[PDB]
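According to the entry's author numbering, the sequence shown is numbered sequentially starting from 3.
Comments concern the structure below.
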Amino acid sequence: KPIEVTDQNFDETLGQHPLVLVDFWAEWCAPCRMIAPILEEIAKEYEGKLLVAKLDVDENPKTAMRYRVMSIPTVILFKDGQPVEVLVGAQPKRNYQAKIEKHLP
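Next up, the structure:
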């Protein structure tokens, strides 16, 4: 299931997994609540091939600033530690699947 990442372990997490989907979210954002369960299904479907991580922008402002994430929810896919895809806003699960499978062997 989705793990939590912070400004402290953000880099360490990205360097240990070949493919990581990071959800930049906030508890005061309705759209974020909507994709939460969707990201959970994504976590299961791609277990072993994808790590789903969640970055709470209110608790990790420097990480959000780092990537200039001004609108949430925003999901960024990292491959070998580098960003490769971005999905802005609450969206159907198929949109995430498409960008994930685009980078899977």
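Don't be surprised by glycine CBs; every beta carbon is placed ideally from N, CA and C.
Please list, in chain order, all residues of the same chain as residue i whose beta carbon is under 8 Å from its beta carbon, the five residues on each side excluded.
i      : result
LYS101 : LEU79, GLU87, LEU89
Closest to residue i by C-alpha separation, out of the options, would be which residue?
i     : options                    : result
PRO94 : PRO4, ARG35, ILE40, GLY17  : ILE40
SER73 : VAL22, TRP27, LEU52        : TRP27
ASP25 : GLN99, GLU61, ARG70, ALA38 : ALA38
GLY17 : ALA92, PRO85, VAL59        : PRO85
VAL59 : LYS51, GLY50, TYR69        : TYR69
Ordered along the chain, which non-local residues of its own chain (more than five positions away) have a Cβ less than 7 Å from that of residue i?
i     : result
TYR48 : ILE102
In angstroms, rounded to a whole number, what distance separates the CA positions of residue i and residue j?
i           : j     : result
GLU14       : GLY83 : 9 Å
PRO107      : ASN97 : 18 Å
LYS46       : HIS19 : 16 Å
residue 164 : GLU29 : With the chain represented from 3 up to 107, any question about residue 164 goes unanswered, as that position is not in the structure.
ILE44       : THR65 : 23 Å
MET67       : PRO4  : 22 Å
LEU23       : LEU53 : 6 Å
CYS31       : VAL71 : 14 Å
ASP9        : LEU57 : 8 Å
Do residue j and residue i come within 8 Å of each other at the CB atom, strictly closer than that value?
i     : j     : result
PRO75 : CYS34 : yes
Cutting at 6 Å between CB atoms, please list the residues of its own chain near residue i, excluding the five before and the five after it.
i     : result
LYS81 : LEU21, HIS105
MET36 : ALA92
Q: Please specify which runs of the alpha helix (DSSP H), each continuous and at least 4 residues long, are wholly inside the segment 45 to 82, giving them in chain order.
A: 63 to 69
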